[PDB]
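Okay, structure first, notes after.
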Amino acid sequence: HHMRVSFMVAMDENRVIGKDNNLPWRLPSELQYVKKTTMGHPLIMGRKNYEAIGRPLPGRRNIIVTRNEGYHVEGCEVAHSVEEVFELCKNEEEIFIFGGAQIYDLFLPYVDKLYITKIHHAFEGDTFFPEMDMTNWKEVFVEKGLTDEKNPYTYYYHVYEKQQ
Ligand SMILES: NC(=O)c1ccc[n+]([C@@H]2O[C@H](COP(=O)([O-])OP(=O)(O)OC[C@H]3O[C@@H](n4cnc5c(N)ncnc54)[C@H](OP(=O)(O)O)[C@@H]3O)[C@@H](O)[C@H]2O)c1
Ligand SMILES: CCc1nc(N)nc(N)c1C#CCc1cc(-c2ccncc2)ccc1OC
């Protein structure tokens, strides 16, 4: 495979990413960072994640991953395996694995770059971001997120790159 495989994820201090098929927090500023970074690049989404989003995201190829061979959504592409995704994206520069947990597990052996926002709070949750061995990964970007009236937690943007 030729395209760069980037994970895009926000998690808490215990790796929680979801509660009851939704996001446990509201951070409009973190969401804006996500738009800025992913704009014009394909988003790879697990079926559940996609249905929780509820609509195609503009200016990006939306690719939904499902085992269901009769699944169709207007304005979205459908893939049924890692390889089908790699076929659909064979000419792309960078794709974003956009969640949730099952889809992160799926593409974990292949990930080249990690865009991870870390939120400094312990949420109640049921869905978790998988453990990663960071040997041969270097942090290439870190920045404190905007904490204000509308964004009520402390969080940092991190970006890691796999080496070689
Ligand atoms: N905080 C964040 O950064 C973030 C990001 C994304 C999602 N989330 C949250 O995480 C939760 C969703 O994560 P999740 O793991 O429950 O769901 P998910 O990974 O988004 O979707 C699960 C679905 O993916 C499909 N799938 C899984 N493995 C597959 C495979 N090997 N081949 C083909 N299709 C496969 C299946 O679809 P079918 O049933 O249709 O066969 C499965 O039902 C939600 O709460 C969401 O809001 C958080
Ligand atoms: C915004 C947290 C988030 N942060 C990071 N760093 N990565 C992620 N993968 C997600 C996520 C997610 C899942 C998710 C995304 C959007 C969304 C809407 C419009 N443009 C972009 C995204 C809406 C609802 C939603 O859950 C119902």
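Counting only Cβ charges, +1 for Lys and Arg and -1 for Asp and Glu, the dipole size of segment 106-161 around its Cα centre is about 160 debye.
Segment 17-93 and segment 97-118 have their alpha-carbon centroids 12 Å apart.
At a Förster distance of 35 Å, what's the computed FRET efficiency of residue 102 paired with residue 141, Cβ-Cβ distance as r, to 0.05?
On the way: r = 27 Å, r/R0 = 0.78.
The value I calculate is 0.80.
Taken along the Cα-to-beta-carbon direction at a fixed 7 Å, the label points for residue 26 and residue 2 span 4.4 nm. Its Cα centre serving as origin, segment 29-90 has a Cβ charge dipole (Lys and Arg +1, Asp and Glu -1) of approximately 280 debye. Relative contact order of the chain, taken over Cα pairs closer than 8 Å and 6 or more residues apart, is 34 percent. Working note: Debye formula, equal point scatterers on the alpha-carbon atoms of segment 14-65, no solvent; log10 I(q)/I(0) at q = 0.23, 0.24, 0.27 Å⁻¹ is -1.07, -1.14, -1.26. FRET efficiency for the pair residue 55 and residue 133, taken as 1/(1 + (r/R0)^6) with r the Cβ-Cβ distance and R0 = 35 Å, rounds to 0.45.
Which order do 110, 33 fall in if you start with the one that has the fewest other Cβ atoms within 10 Å?
Details: 110 15, 33 19.
Fewest-to-most Cβ neighbours within 10 Å comes out as 110, 33.
Could you state the angle between the C-alpha long axis of helix 28-38 and the longest principal axis of the C-alpha atoms of the chain, as a value from 0 to 90 degrees rounded to the nearest 10? Here the helix axis deviates by roughly 40 degrees. Taking the Cα centre of the chain as reference, the dipole from Cβ charges on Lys and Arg (+1) and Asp and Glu (-1) amounts to some 340 debye. Less than 5 angstrom separates the built amide H of residue 94 from those of 4, all sequence-distant by 5 or more or on a different chain. At q = 0.11, 0.15 Å⁻¹ the log10 of I(q)/I(0) for the chain amounts to -0.43, -0.83, computed by Debye summation with a single uniform scatterer per C-alpha, solvent ignored.
Cβ: placed from backbone, ideal geometry, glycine included. Neighbour counts: every protein chain shown. Laboratory data are not the source of any read-out in this text; all were calculated from the coordinates shown.
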